[PDB]
Every structure is written in structure tokens, then in C-alpha cells.
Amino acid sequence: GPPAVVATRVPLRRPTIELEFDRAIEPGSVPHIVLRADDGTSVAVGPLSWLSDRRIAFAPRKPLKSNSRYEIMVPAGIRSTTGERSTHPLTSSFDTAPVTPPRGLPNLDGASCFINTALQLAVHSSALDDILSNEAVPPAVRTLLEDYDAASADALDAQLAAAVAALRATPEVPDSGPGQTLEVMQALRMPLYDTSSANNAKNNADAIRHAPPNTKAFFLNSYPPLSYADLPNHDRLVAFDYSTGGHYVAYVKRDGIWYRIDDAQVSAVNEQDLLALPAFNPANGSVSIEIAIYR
């Protein structure tokens, strides 16, 4: 048979990637492996280390985007030593997102759950690196988002207080008191696809399903409101907000596990718990889910 990939290991923004093939490869026959982003953009790789006659390790020449999927693409024409050539590319996929659990963001000022929840969604989004380089977003917010995983407890809490103050000083976010997750997304300049503005749908779910390819963040402003079971494309969903009308929590996914984050409290949750979430609170009429983040 022609060569095949039988294992992929990513053991960051410049990861080392290992590919293992089923049989020894003619080394001259793999000169331009690339990683491709979801829009087709190619990133070249550096030299190939031959860990064996059938296992290679390499790294992209340039830093990859945070929270992003990349296809490892081995062009057609790779050849085994036994002479068989592939007629199609060999591909594998990975994501640059971290796999460690996410972190709590305490409700320092007592009315910040809408800010904390929006920051959790932003730090899980494919838009993160765009936020980090956006000079219209307050520097303190960018600082917090950039070292969310690595910051010490004390540093995280200091950075969070600075970020909240900077957000509250923007026009979009209330200067004190409770708010809405959309306000914070507007301050972060995160592009959102409003489902109501869809030219090819009259409800939330269909607007998401028939949006332009590679739309990654949605604002659910059509009708009826969606439950978790109703969100399309669960395989690519990575975060959403959840309001009871009076309080917000974030749901975020890392390494195939969903977490519920209520301010400082992080819990790992089951698919069953997500499936039980209502689309709105029937007691006060307030919508549950307004922001959905896809990888």
C-alpha cells in the first residue's frame, strides 16, 4: 500500500510535531509539509528530524495562532522505500488550545460575573490573538488574557482587578454594578455574527448552521432561544455563556472536557448536565445563552 500516517504526537505557538508513517519513507520525497489554518493559509515547517526511518519531528517556522485548529498536510508524492507513492495528500489535525483545566476568576467587586464570564469565553476563542494585538482593547485586559494559564494566583487576581477596572472605564461596560456579556465582548472588539442579521434564516439555529464558513462567534438575537441541545455543530463548540437572569456562568471546553466556571469556582461537568440546561428562565423570562464560541 502507499504510505499512511499511523500516529501524530504534539508533545504552544511553536509546537514540535511528530508524525509516524506505516513504513520507511524515501526521505527526499517529503520536502514541503505544511500546517494549514482553517482558511487555507499555509505555514511552512523547518527541517525534518528523522527519529527513525518512518518517524519525523518538525516545528512550524512561524508562531501559530492561539486556540486554532491546524491541518498537518503531507502533499501527494511521498514515497515508501518499497516504492509505493501516495496519489493524495496525507493529513492529520490538531488544536493549539491548552489541555490543562481552565482557571477561576473571582468576583472581586461583587458584581462582575458578566465580565468574568465574557473573559472566559474570550480566552477560549479563536479570536484571542486578534484581541491581544488590538490597540483599542485596554492593555490591562490584554495582559490578563495573555498569561491566563501561567499567572500565579496573586498575579492573576491583580491582573483581573486591573482588567475589570479598565473594562468599567470603557463606554460599553457599566461603570459599576451588573451587566451583560455582550457589553464586554463589544469592549474586547470581538466580532460576533448576529443571528438576527442572517439573510438565509429566521431563527437562531438555522442562522448558525448556514452562516459563512469559518464564522467562529455568534450572538443569538433571533428566536426562539436555544438550549445546549439545540446548538449546532457540537463537535466544534468550545464555549458559551449561561445566564439565569441575574447571574452568569461560563461553560468552556478543553481537551474534550466541559467545565462550568462560576466566577472562582471551576467544576468539570458531564454532557448530561449541559443537555439539562433550559433555553430561558420561565420564572423571569430571561434568555440563557447569548454567545456561542466555536473553534
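Residues carry their position along the shown sequence, with the first being 1.
K.L.:
Unmodelled residues of the deposited sequence between residue 11 and residue 12: none, 1 to 3, 4 to 9, or 10 or more?
P.N.:
Missing in between: 4 to 9 residues.
K.L.:
27 to 35 versus 254 to 262: which one carries the higher mean Cα B factor per the record?
P.N.:
Per the PDB entry, the higher value belongs to 27 to 35.
K.L.:
What stretch has the higher average Cα B-factor here, 155 to 163 or 119 to 127?
P.N.:
Mean C-alpha B-factor is greater for 155 to 163.
K.L.:
Please work out which residue in 179, 224, 139, 102 has the highest C-alpha B-factor recorded for this crystal structure.
P.N.:
Within the set 179, 224, 139, 102, 139 shows the top C-alpha B-factor.
K.L.:
Of the choices 96, 196, 82, 186, which one's C-alpha carries the largest B-factor in the record?
P.N.:
So the option with the highest C-alpha B-factor is 82.
K.L.:
What third of the chain does residue 205 rank in for C-alpha temperature factor, lowest, middle or highest?
P.N.:
For residue 205, the deposited C-alpha B-factor lands in the lowest third.
K.L.:
Among the chain's modelled residues, which third holds the C-alpha B-factor of residue 53?
P.N.:
As the PDB entry reports it, the C-alpha B-factor of residue 53 lands in the middle third of its chain.
K.L.:
Classify residue 149 as lowest, middle or highest third according to the C-alpha B-factor given in the PDB entry, relative to its own chain.
P.N.:
Ranked within chain, residue 149 CA B lands in the middle tercile.
K.L.:
Residue 17's Cα B-factor: lowest, middle or highest third of the chain?
P.N.:
Top third by C-alpha B-factor.
K.L.:
Quick check for you: using the entry's CA B-factors within this chain, is residue 267 in the lowest, middle or highest third?
P.N.:
CA B-factor rank for residue 267: highest third.
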